[PDB]
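K.L.:
Take a look at this one; I'll ask things after.
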Amino acid sequence: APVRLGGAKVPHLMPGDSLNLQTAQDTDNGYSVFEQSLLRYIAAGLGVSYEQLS
Amino acid sequence: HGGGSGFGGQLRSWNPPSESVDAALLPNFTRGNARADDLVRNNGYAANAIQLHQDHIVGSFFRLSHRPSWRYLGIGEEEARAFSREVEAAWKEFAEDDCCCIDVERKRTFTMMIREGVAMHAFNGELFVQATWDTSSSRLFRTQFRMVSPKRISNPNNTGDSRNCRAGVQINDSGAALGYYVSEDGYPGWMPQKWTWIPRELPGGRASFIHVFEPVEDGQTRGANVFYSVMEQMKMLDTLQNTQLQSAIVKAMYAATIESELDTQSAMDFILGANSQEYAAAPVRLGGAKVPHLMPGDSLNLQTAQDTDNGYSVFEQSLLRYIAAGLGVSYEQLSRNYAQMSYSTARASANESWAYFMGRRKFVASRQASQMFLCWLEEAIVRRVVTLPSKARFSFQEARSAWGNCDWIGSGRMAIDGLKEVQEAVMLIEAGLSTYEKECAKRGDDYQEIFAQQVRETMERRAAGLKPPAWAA
Amino acid sequence: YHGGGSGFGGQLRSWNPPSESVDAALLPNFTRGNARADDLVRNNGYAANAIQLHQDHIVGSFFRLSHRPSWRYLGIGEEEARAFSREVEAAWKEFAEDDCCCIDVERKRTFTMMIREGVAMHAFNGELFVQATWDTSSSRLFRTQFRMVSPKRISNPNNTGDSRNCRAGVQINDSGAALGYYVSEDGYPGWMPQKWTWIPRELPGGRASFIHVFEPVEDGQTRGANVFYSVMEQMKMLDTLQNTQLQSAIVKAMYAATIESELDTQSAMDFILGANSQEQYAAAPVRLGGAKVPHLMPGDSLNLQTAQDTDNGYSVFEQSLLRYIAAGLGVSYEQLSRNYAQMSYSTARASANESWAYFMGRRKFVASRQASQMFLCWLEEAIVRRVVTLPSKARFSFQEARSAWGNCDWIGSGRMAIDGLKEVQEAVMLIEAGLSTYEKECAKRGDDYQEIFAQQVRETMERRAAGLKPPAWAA
Amino acid sequence: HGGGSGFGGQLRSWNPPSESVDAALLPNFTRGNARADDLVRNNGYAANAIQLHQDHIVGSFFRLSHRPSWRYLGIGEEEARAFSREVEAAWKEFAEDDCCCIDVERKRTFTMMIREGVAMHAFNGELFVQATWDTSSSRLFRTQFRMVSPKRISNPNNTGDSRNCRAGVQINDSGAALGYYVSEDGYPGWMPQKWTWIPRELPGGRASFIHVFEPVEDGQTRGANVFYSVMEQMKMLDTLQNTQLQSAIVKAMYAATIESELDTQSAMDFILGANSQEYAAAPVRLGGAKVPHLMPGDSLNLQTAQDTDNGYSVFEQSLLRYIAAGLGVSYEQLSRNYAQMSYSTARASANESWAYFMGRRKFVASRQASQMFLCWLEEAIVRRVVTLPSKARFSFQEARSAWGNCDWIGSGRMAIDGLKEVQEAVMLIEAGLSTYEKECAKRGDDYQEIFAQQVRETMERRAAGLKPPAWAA
Amino acid sequence: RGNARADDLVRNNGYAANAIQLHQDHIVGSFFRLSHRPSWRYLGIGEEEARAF
């Protein structure tokens with residue numbers, strides 16, 4: 001079943017129910033910084049300056 | 001390689017059905033433009049977006065300069081510029097007339113015609129202007145121009161689409177348009193909608209109906225509004241904005257809470273002050289610190305709530321930037337956010353957007369206005385309003401584009417600094433590289449009357465006998 | 001395309017807005033929209049400030065006419081027209097900014113106020129209605145007077161429906177041009193009925209009986225739309241959020257502490273708070289002394305709740321919304337929000353010019369038209385009374401050359417400089433380079449070169465008569 | 001679309017009762033001014049805001065310069081100059097009269113009456129002043145004045161408001177005011193308040209009573225205070241400041257707690273030193289460490305309390321900006337917070353507020369002063385204070401506006417820097433762009449007497465013989 | 001298939017639409033003026049005819 005997007009719609013879940021919201025995690029937990037190291041390394045291979053490449 | 005399947009399957013089931021843009025958008029073209037009206041008339045950003053277009057590619061005024069092909073006609077520039085003078089004044093008199101006589105609706109002036117058209121073109125993909133010939137002989141010029149909403153053009157009687165008629169647009173084998181089936185107004189839904197076929201061009205040669213747009217690829221008919229790339233995101237952004245604001249309300253609203261086995265009315269009396277001593281449960285005065293004496297067993301709680309903006313502003317940043325890319329307009333102009341910007345960088349943002357705007361001005365504003373202009377010339381010359389030189393190698397209809405070759409002046413690029421901007425402009429003509437004509441066109445005026453006005457001032461000041469201005473002898 | 005139809009996996013499958021003209025999309029509940037807009041500008045601080053920004057910047061304080069007839073097109077030497085225009089300007093000057101206050105029928109405002117009134121109501125109601133009339137009493141030299149009319153006044157008679165020609169009290173021909181208007185009289189007492197009245201748009205002689213000005217978005221639109229109509233819901237939602245959050249902090253900071261005694265309230269507060277020694281429900285107020293360390297038995301506790309932050313991200317969230325607000329109203333954000341912090345000179349200069357340019361386009365498309373509309377109507381009577389004589393050798397008469405005779409432009413409050421010294425440096429050097437004229441410079445400063453020159457020569461000989469020193473303009 | 005119902009209902013029950021401005025203002029008109037007086041009399045921000053007006057709208061003085069329409073009246077140039085200075089001298093002598101007898105109350109001078117005018121128009125939305133002619137001719141001018149509070153102007157006997165009698169304002173058919181019903185002071189509530197009908201205009205061509213206010217739209221009869229968009233929120237702000245202050249007291253007031261089965265009095269002696277040797281419980285001397293010897297079952301818990309400004313400060317200026325938005329005043333002036341302000345940022349905010357003040361001066365301060373001016377001038381001519389030119393095309397009553405045309409000079413813009421302001425001023429005038437009158441008026445002075453004073457200066461110096469000043473030859 | 005996917009991105013994505021818009025506005029700009037420079041030396045023609053022509 002689909003659900004229509006609307007207001008807050010606070011529910012009245014019975015005892016023994018739960019409405020856990022998954023907080024997930026930082027989508028870029030260092031990945032950008034890790035690319036910085038890799039991009040510099042690959043820049044050395046191609047000789048072209050890293051900032052031009054990235 | 002990349003187009004085949006994608007790494008690890010991934011896009012195993014993404015098979016866009018390659019087809020012409022005509023087949024791409026015509027089935028939902030009316031449906032698409034309907035959503036365009038909604039966003040432009042209900043979201044602030046869209047309203048700002050179109051507003052920014054009107055005030056840049058058009059601006060407050062839209063001046064005209066006529067450049068007939070005297071060399072291509074073999075006419076001396078002396079009489080050529082002599083001839084081009086009065087018509088400009090004649091057009092100027094006919095252009096900014098207060099009566100709004102140039103439109104049948106009699107509720108708009110020439111400048112806003114372009115402004116609405118480019119706006120109409122912006123948020124709908126195209127614009128339509130229809131030429132008329134009113135019978136009111138009192139006016140020297142007996143023609144008027146009115147725009148038409150694109151939704152007013154469609155197949156008569158909702159006819160299924162065919163090769164030569166598409167959305168009520170008559171097209172020949174080659175691809176040119178010939179006629180338009182346009183419906184009338186439909187504000188009262190009680191009466192049925194009739195239809196009217198209008199030829200694109202009068203067989204005589206005078207323009208009857210002008211449709212201006214930009215075809216992305218060849219053989220198409222209707223221009224698609226710019227929002228077709230950002231419609232999905234922008235609408236959901238608004239919904240998120242409203243929902244996020246609503247959540248803050250309710251979460252902040254329920255501030256405290258109290259629990260007890262005691263009576264509900266009694267609890268407020270002994271905890272939250274209450275006024276039951278004298279439907280709505282109990283109003284409570286706001287006074288001092290008002291420390292209670294909750295009995296052991298019950299308690300009072302103050303909800304800590306939650307951060308009202310848990311990075312939501314950052315999410316707006318990215319989403320607005322995405323929207324700005326689709327719209328072409330710079331981000332800081334769209335969101336009116338100018339944080340942590342250097343002068344050099346601030347120039348670049350406006351620098352590229354201005355280049356984008358000037359492209360649209362030539363390709364939309366200039367074309368439609370010039371297409372409007374020569375039609376007015378046609379009436380003027382046939383009504384003997386102005387006189388052509390005797391040396392004319394060709395007839396007016398023969399060299400109509402050559403005769404009516406004209407360029408337009410819009411509102412100038414207001415400088416972020418100006419002082420350097422004027423300084424560089426001054427030293428440029430000092431270097432002799434530039435000319436008065438283009439620099440004043442950049443600012444928003446024409447050198448000719450500027451020279452006359454300066455001539456006007458210097459004689460007046462010398463007549464006034466105070467001091468000659470900075471142009472003497 | 002693809003985004004038009006159904007989007008990403010159903011997504012906006014329920015978004016199928018109807019397609020129709022703006023009149024069909026605005027007229028049905030058009031009255032309610034004005035009511036919503038009216039309340040916001042009446043009660044929300046930002047909205048009142050927003051419209052105030054329009055009034056004080058689109059026109060500002062003064063509004064000066066400049067009549068520049070097309071002498072070449074009129075078959076008249078500019079020397080006659082220049083002399084002629086000077087006469088009419090003073091007569092207009094004698095008529096427009098006069099302390100007579102008789103420009104309006106109710107005699108309450110002055111000319112500059114009329115435009116300021118008009119632009120404001122046009123801003124938050126979409127359009128302006130001004131009535132042009134005549135005075136039977138020849139007491140005044142000019143019998144014409146004006147009267148602004150609320151757009152709410154303009155309405156269909158007997159609150160009936162609308163036809164192909166009848167639309168919200170406006171009668172239109174096939175082309176949609178307005179010809180007839182219906183105005184109901186004021187109904188301030190809540191009992192007596194309102195009475196309508198049909199008014200022609202213009203008199204057959206070319207006189208504008210009733211002037212209506214707005215900015216339609218598409219052909220056929222009869223009534224303009226208020227600028228708020230895109231962002232009104234945010235204001236109300238922002239309004240309640242501000243009040244609720246402010247209210248919430250009151251209660252969160254209300255109850256500072258609590259006591260967990262087993263005894264009665266009186267005994268508890270006496271032994272934990274103090275008070276007592278009563279002089280003669282009301283519980284007991286406690287003197288605010290110092291420290292007052294109490295003693296406790298087991299089973300009783302004095303707990304001071306820490307509450308929570310009163311601005312836990314509220315301001316920044318509002319900071320975002322106000323940015324969205326300024327986009328809808330087309331005004332510089334920091335100006336609307338009065339939040340002029342953390343921006344450099346370039347950044348500050350960027351926003352200010354951007355909005356100011358929007359005002360200038362708005363000023364030309366509204367203020368210039370409305371002032372000119374009134375000016376020609378007054379001019380009609382002015383020459384009818386022949387207070388100023390038209391040039392004898394005119395190629396055309398006045399009636400056909402209405403715009404040519406009445407060709408005029410207007411100047412309001414100038415672009416007040418952010419820096420000043422830089423800006424004055426601009427004008428002086430470009431004039432030294434000869435890239436502009438005194439007219440533009442004076443107009444950009446909200447002035448006219450004529451009297452400035454007249455004052456300049458006047459101040460010259462005055463000191464010269466005083467024998468003090470020749471100013472920087474001699475011989 | 002947006003105005004219909006709202007997304008997800010939302011504003012499904014927001015239905016303002018569309019009405020005329022008076023139809024909403026009049027029913028609660030007294031209550032509006034009631035709360036306005038309370039806020040200005042009790043709230044510092046309200047007091048500061050109002051105080052910010054009379055010293056900026058008009059400053060500490062109000063110069064007058066009468067400019068008759070000599071060209072329109074066809075009068076000689078210098079003759080008009082001769083007339084203007086005589087009446088100016090006559091006016092200025094009477095305007096700042098140290099008698100304080102200009103007003104019947106004899107408790108205010110002309111300048112502060114103008115300040116009284118603008119301030120009253122600020123927090124009450126309107127301005128009143130009664131023109132009277134005194135019988136006692138002890139002095140040259142019999143025309144006194146008295147501003148009347150709006151609270152003294154209302155419908156007589158609290159009768160039902162009518163079509164032509166709204167809020168004690170006699171209204172003609174066209175909507176213009178004809179007369180007013182003024183109630184005398186009712187300082188003791190024991191006695192009733194009678195009513196006097198005052199004509200708006202004396203039949204002789206004299207403004208018997210002068211009412212100044214700004215109408216939002218047509219049909220207005222009274223003026224709405226600027227606070228109308230700011231009352232409730234700032235009142236809730238007012239109690240919040242008090243409420244947190246009291247809460248901060250008690251939270252910081254209670255410091256330590258003692259629990260022990262021992263008798264409380266002995267607990268104080270054994271633990272907190274006490275003075276048991278010599279009801280106010282038991283005081284404690286303030287000395288050194290006072291390390292105790294708590295037995296098992298006892299403790300000396302110290303209350304860490306809680307931060308006294310947990311976001312309250314940063315919550316303030318967010319509201320105060322909203323407050324300052326309502327009153328139009330710049331935020332930093334109202335809040336007296338001036339941090340994080342660069343030179344350009346300071347320039348902009350002061351500039352923005354300044355223009356609005358200049359507008360407010362023109363529409364209120366100049367209006368009231370002009371109305372006071374010609375009324376006095378009317379007495380001046382009838383008393384032959386100044387002799388009119390013979391060749392007057394029309395008499396004074398016919399050309400009151402022409403005779404009485406004038407401007408006013410308030411206090412100047414307090415320059416933040418001054419140097420460049422003077423530096424731009426000197427380069428502006430030398431360029432010929434401006435005139436000496438302009439800037440000195442912007443400074444707040446008149447060019448005429450400065451020329452005379454400098455002329456006085458140079459001859460005084462020459463007589464003393466020290467050095468020719470910078471005006472010689 | 002490749003053009004089909006390539007078409008869709010420029011047809012329904014803001015960034016892609018921005019890219020091609022940047023292409024047109026920068027690669028060619030608003031005006032595309034032409035000059036004719038025949039090689040009169042190779043043509044063995046007097047330059048005066050060539051530039052006049």
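FYI, nothing fancy with the structure tokens labels: chains A, B, ... in order, residues from 1 per chain, ligands from 1 as they appear.
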After a least-squares fit of chain D on chain B across every C-alpha pair in order, what's the RMSD, to one decimal?

P.N.:
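Chain B versus chain D: RMSD of 0.5 Å.
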
K.L.:
If you count only C-alpha atoms, which residues fall within 12 Å of residue 16 (chain E), apart from same-chain ones fewer than 3 positions away, as a ChimeraX atom specification?

P.N.:
/B:229-230,322-323,325-328 /E:5-13,19-23

K.L.:
Would you export the selected residues with N, CA and C atoms as a PDB file, in the first residue's frame, please?

P.N.:
ATOM      1  N   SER B 229      13.318  19.829 -16.373  1.00  0.00           N
ATOM      2  CA  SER B 229      14.442  19.133 -15.777  1.00  0.00           C
ATOM      3  C   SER B 229      14.463  19.226 -14.260  1.00  0.00           C
ATOM      4  N   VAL B 230      13.639  20.083 -13.664  1.00  0.00           N
ATOM      5  CA  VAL B 230      13.715  20.334 -12.230  1.00  0.00           C
ATOM      6  C   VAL B 230      12.341  20.211 -11.593  1.00  0.00           C
ATOM      7  N   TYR B 322      21.093  22.612  -7.195  1.00  0.00           N
ATOM      8  CA  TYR B 322      20.615  21.746  -8.265  1.00  0.00           C
ATOM      9  C   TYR B 322      19.563  22.452  -9.104  1.00  0.00           C
ATOM     10  N   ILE B 323      18.625  23.134  -8.451  1.00  0.00           N
ATOM     11  CA  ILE B 323      17.599  23.865  -9.183  1.00  0.00           C
ATOM     12  C   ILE B 323      18.227  24.970 -10.017  1.00  0.00           C
ATOM     13  N   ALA B 325      21.061  25.082 -11.400  1.00  0.00           N
ATOM     14  CA  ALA B 325      21.685  24.528 -12.595  1.00  0.00           C
ATOM     15  C   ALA B 325      20.669  24.360 -13.715  1.00  0.00           C
ATOM     16  N   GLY B 326      19.496  23.814 -13.395  1.00  0.00           N
ATOM     17  CA  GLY B 326      18.472  23.652 -14.412  1.00  0.00           C
ATOM     18  C   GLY B 326      17.993  24.980 -14.962  1.00  0.00           C
ATOM     19  N   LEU B 327      17.822  25.965 -14.087  1.00  0.00           N
ATOM     20  CA  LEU B 327      17.308  27.262 -14.494  1.00  0.00           C
ATOM     21  C   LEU B 327      18.362  28.158 -15.122  1.00  0.00           C
ATOM     22  N   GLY B 328      19.641  27.829 -14.983  1.00  0.00           N
ATOM     23  CA  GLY B 328      20.679  28.648 -15.571  1.00  0.00           C
ATOM     24  C   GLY B 328      21.055  29.847 -14.725  1.00  0.00           C
TER      25      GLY B 328
ATOM     26  N   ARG E   5      19.946   6.666 -23.258  1.00  0.00           N
ATOM     27  CA  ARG E   5      20.293   7.029 -21.890  1.00  0.00           C
ATOM     28  C   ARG E   5      20.900   8.422 -21.842  1.00  0.00           C
ATOM     29  N   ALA E   6      21.772   8.734 -22.801  1.00  0.00           N
ATOM     30  CA  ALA E   6      22.364  10.065 -22.849  1.00  0.00           C
ATOM     31  C   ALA E   6      21.299  11.127 -23.062  1.00  0.00           C
ATOM     32  N   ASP E   7      20.308  10.834 -23.902  1.00  0.00           N
ATOM     33  CA  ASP E   7      19.220  11.780 -24.112  1.00  0.00           C
ATOM     34  C   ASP E   7      18.479  12.054 -22.812  1.00  0.00           C
ATOM     35  N   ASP E   8      18.165  11.000 -22.058  1.00  0.00           N
ATOM     36  CA  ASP E   8      17.321  11.163 -20.879  1.00  0.00           C
ATOM     37  C   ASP E   8      17.961  12.088 -19.855  1.00  0.00           C
ATOM     38  N   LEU E   9      19.263  11.930 -19.618  1.00  0.00           N
ATOM     39  CA  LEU E   9      19.933  12.755 -18.621  1.00  0.00           C
ATOM     40  C   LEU E   9      19.854  14.227 -18.992  1.00  0.00           C
ATOM     41  N   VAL E  10      20.141  14.553 -20.251  1.00  0.00           N
ATOM     42  CA  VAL E  10      20.024  15.938 -20.683  1.00  0.00           C
ATOM     43  C   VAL E  10      18.561  16.338 -20.783  1.00  0.00           C
ATOM     44  N   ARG E  11      17.653  15.370 -20.689  1.00  0.00           N
ATOM     45  CA  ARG E  11      16.234  15.656 -20.833  1.00  0.00           C
ATOM     46  C   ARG E  11      15.527  15.799 -19.491  1.00  0.00           C
ATOM     47  N   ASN E  12      16.063  15.207 -18.425  1.00  0.00           N
ATOM     48  CA  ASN E  12      15.361  15.168 -17.147  1.00  0.00           C
ATOM     49  C   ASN E  12      16.243  15.484 -15.946  1.00  0.00           C
ATOM     50  N   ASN E  13      17.502  15.851 -16.153  1.00  0.00           N
ATOM     51  CA  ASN E  13      18.407  16.150 -15.054  1.00  0.00           C
ATOM     52  C   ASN E  13      18.866  17.596 -15.131  1.00  0.00           C
ATOM     53  N   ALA E  19      24.883  21.669 -18.201  1.00  0.00           N
ATOM     54  CA  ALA E  19      26.128  21.459 -18.929  1.00  0.00           C
ATOM     55  C   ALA E  19      26.000  21.895 -20.381  1.00  0.00           C
ATOM     56  N   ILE E  20      24.988  21.384 -21.083  1.00  0.00           N
ATOM     57  CA  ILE E  20      24.836  21.740 -22.487  1.00  0.00           C
ATOM     58  C   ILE E  20      24.524  23.218 -22.627  1.00  0.00           C
ATOM     59  N   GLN E  21      23.766  23.778 -21.685  1.00  0.00           N
ATOM     60  CA  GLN E  21      23.524  25.214 -21.697  1.00  0.00           C
ATOM     61  C   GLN E  21      24.834  25.972 -21.569  1.00  0.00           C
ATOM     62  N   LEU E  22      25.716  25.499 -20.689  1.00  0.00           N
ATOM     63  CA  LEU E  22      27.052  26.069 -20.606  1.00  0.00           C
ATOM     64  C   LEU E  22      27.808  25.904 -21.915  1.00  0.00           C
ATOM     65  N   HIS E  23      27.630  24.769 -22.593  1.00  0.00           N
ATOM     66  CA  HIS E  23      28.295  24.564 -23.874  1.00  0.00           C
ATOM     67  C   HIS E  23      27.881  25.624 -24.883  1.00  0.00           C
TER      68      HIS E  23
END

K.L.:
With 6 Å as the cut-off and only C-alpha atoms counted, what is the closest atom pair between each nearby residue of chain D and chain B? Distances in Å to one decimal, ordered by chain and number, as a Markdown table.

P.N.:
| residue | atom | partner | partner_atom | distance |
| --- | --- | --- | --- | --- |
| D:2 | CA | B:42 | CA | 5.8 |
| D:246 | CA | B:289 | CA | 6.0 |
| D:247 | CA | B:289 | CA | 5.2 |

K.L.:
Residues of chain C within 12 Å of chain A, counting only C-alpha atoms - could you list those as a ChimeraX atom specification?

P.N.:
/C:9-15

K.L.:
Determine, counting only C-alpha atoms, which protein, DNA and RNA residues have an atom within 9 Å of an atom of residue 388 (chain B); residues of the same chain fewer than 5 positions away are not included. Present the result as a ChimeraX atom specification.

P.N.:
/B:80,83,381,396

K.L.:
Convert the current residue selection to file output with N, CA, C and O atoms, as an mmCIF file, in the first residue's frame.

P.N.:
data_model
loop_
_atom_site.group_PDB
_atom_site.id
_atom_site.type_symbol
_atom_site.label_atom_id
_atom_site.label_comp_id
_atom_site.auth_asym_id
_atom_site.auth_seq_id
_atom_site.Cartn_x
_atom_site.Cartn_y
_atom_site.Cartn_z
ATOM 1 N N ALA B 80 20.149 57.524 -45.788
ATOM 2 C CA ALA B 80 19.753 56.326 -45.057
ATOM 3 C C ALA B 80 19.550 56.630 -43.580
ATOM 4 O O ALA B 80 18.507 56.301 -43.004
ATOM 5 N N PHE B 83 16.648 58.942 -43.268
ATOM 6 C CA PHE B 83 15.387 58.212 -43.324
ATOM 7 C C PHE B 83 15.122 57.462 -42.026
ATOM 8 O O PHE B 83 14.003 57.490 -41.501
ATOM 9 N N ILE B 381 4.855 52.101 -44.109
ATOM 10 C CA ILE B 381 5.260 52.437 -45.467
ATOM 11 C C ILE B 381 4.066 52.393 -46.413
ATOM 12 O O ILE B 381 3.919 53.260 -47.282
ATOM 13 N N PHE B 396 10.200 47.240 -50.949
ATOM 14 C CA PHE B 396 10.226 46.987 -49.514
ATOM 15 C C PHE B 396 10.005 45.514 -49.214
ATOM 16 O O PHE B 396 10.715 44.928 -48.390
#

K.L.:
Show which residues sit within 10 Å of residue 457 (chain C), as a PyMOL selection string. Count only C-alpha atoms, and ignore same-chain residues fewer than 6 positions away.

P.N.:
(chain B and resi 461+464-467) or (chain C and resi 451+471+473-474) or (chain D and resi 435)

K.L.:
Could you pull out the helix (DSSP H, G or I) residues of region 292-327 of chain C, going by DSSP on the backbone, and write them as a count of residues only?

P.N.:
14

K.L.:
With a cut-off of 8 Å and counting only C-alpha atoms, select all residues of chain A in contact with chain B and give the selection as a PDB file with N, CA, C and O atoms, in the first residue's frame.

P.N.:
ATOM      1  N   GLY A   6       1.928  14.011   3.893  1.00  0.00           N
ATOM      2  CA  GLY A   6       1.131  15.082   4.455  1.00  0.00           C
ATOM      3  C   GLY A   6       1.787  15.773   5.632  1.00  0.00           C
ATOM      4  O   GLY A   6       2.964  16.140   5.574  1.00  0.00           O
ATOM      5  N   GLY A   7       1.027  15.952   6.710  1.00  0.00           N
ATOM      6  CA  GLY A   7       1.512  16.630   7.897  1.00  0.00           C
ATOM      7  C   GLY A   7       2.277  15.721   8.832  1.00  0.00           C
ATOM      8  O   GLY A   7       3.016  14.826   8.408  1.00  0.00           O
ATOM      9  N   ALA A   8       2.101  15.955  10.132  1.00  0.00           N
ATOM     10  CA  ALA A   8       2.837  15.180  11.124  1.00  0.00           C
ATOM     11  C   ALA A   8       2.253  13.785  11.294  1.00  0.00           C
ATOM     12  O   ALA A   8       2.998  12.818  11.485  1.00  0.00           O
TER      13      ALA A   8
END

K.L.:
For region 370-380 of chain B, please output as a PyMOL selection string all residues within 9 Å (counting only C-alpha atoms; exclusion window: fewer than 3 positions along the same chain).

P.N.:
chain B and resi 64+87+91+129+131+140-143+145+206-208+210+365-367+383-386+396-397+400-401+403-408

K.L.:
Tell me, in Å to one decimal, how far CA of residue 9 (chain B) is from CA of residue 8 (chain C).

P.N.:
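Computed distance, CA of residue 9 (chain B) to CA of residue 8 (chain C), equals 19.4 Å.
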
K.L.:
Using only C-alpha atoms, find the residues of chain E whose closest atom to chain B is at most 6 Å away, then write them as a PyMOL selection string.

P.N.:
chain E and resi 2+4+12-15+17-18+25+30

K.L.:
List every residue of region 99-194 of chain C that DSSP, applied to the backbone of this structure, places in strand (DSSP E), and write the result as a VMD selection string.

P.N.:
chain C and resid 127 to 134 144 to 149 166 to 167 170 to 172 178 to 184

K.L.:
Which is closer to residue 443 (chain D) than all the others in D:193, D:304, D:109, D:411, using only C-alpha atoms?

P.N.:
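Result for the nearest residue to residue 443 (chain D): D:411.
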
K.L.:
Wanna dump the chain C-chain E contacts at 12 Å for me, each residue with its shortest atom pair and the distance in Å to one decimal, counting only C-alpha atoms, ordered by chain and number, as a Markdown table?

P.N.:
| residue | atom | partner | partner_atom | distance |
| --- | --- | --- | --- | --- |
| C:1 | CA | E:11 | CA | 6.7 |
| C:2 | CA | E:12 | CA | 6.5 |
| C:3 | CA | E:12 | CA | 6.0 |
| C:4 | CA | E:12 | CA | 9.1 |
| C:5 | CA | E:12 | CA | 11.4 |
| C:7 | CA | E:12 | CA | 9.5 |
| C:8 | CA | E:12 | CA | 10.9 |

K.L.:
Excluding residue 222 (chain D) and its own-chain neighbours fewer than 3 positions away, which residues fall within 9 Å of it when counting only C-alpha atoms? Please give them as a VMD selection string.

P.N.:
chain D and resid 22 25 to 26 29 125 to 126 167 169 213 to 215
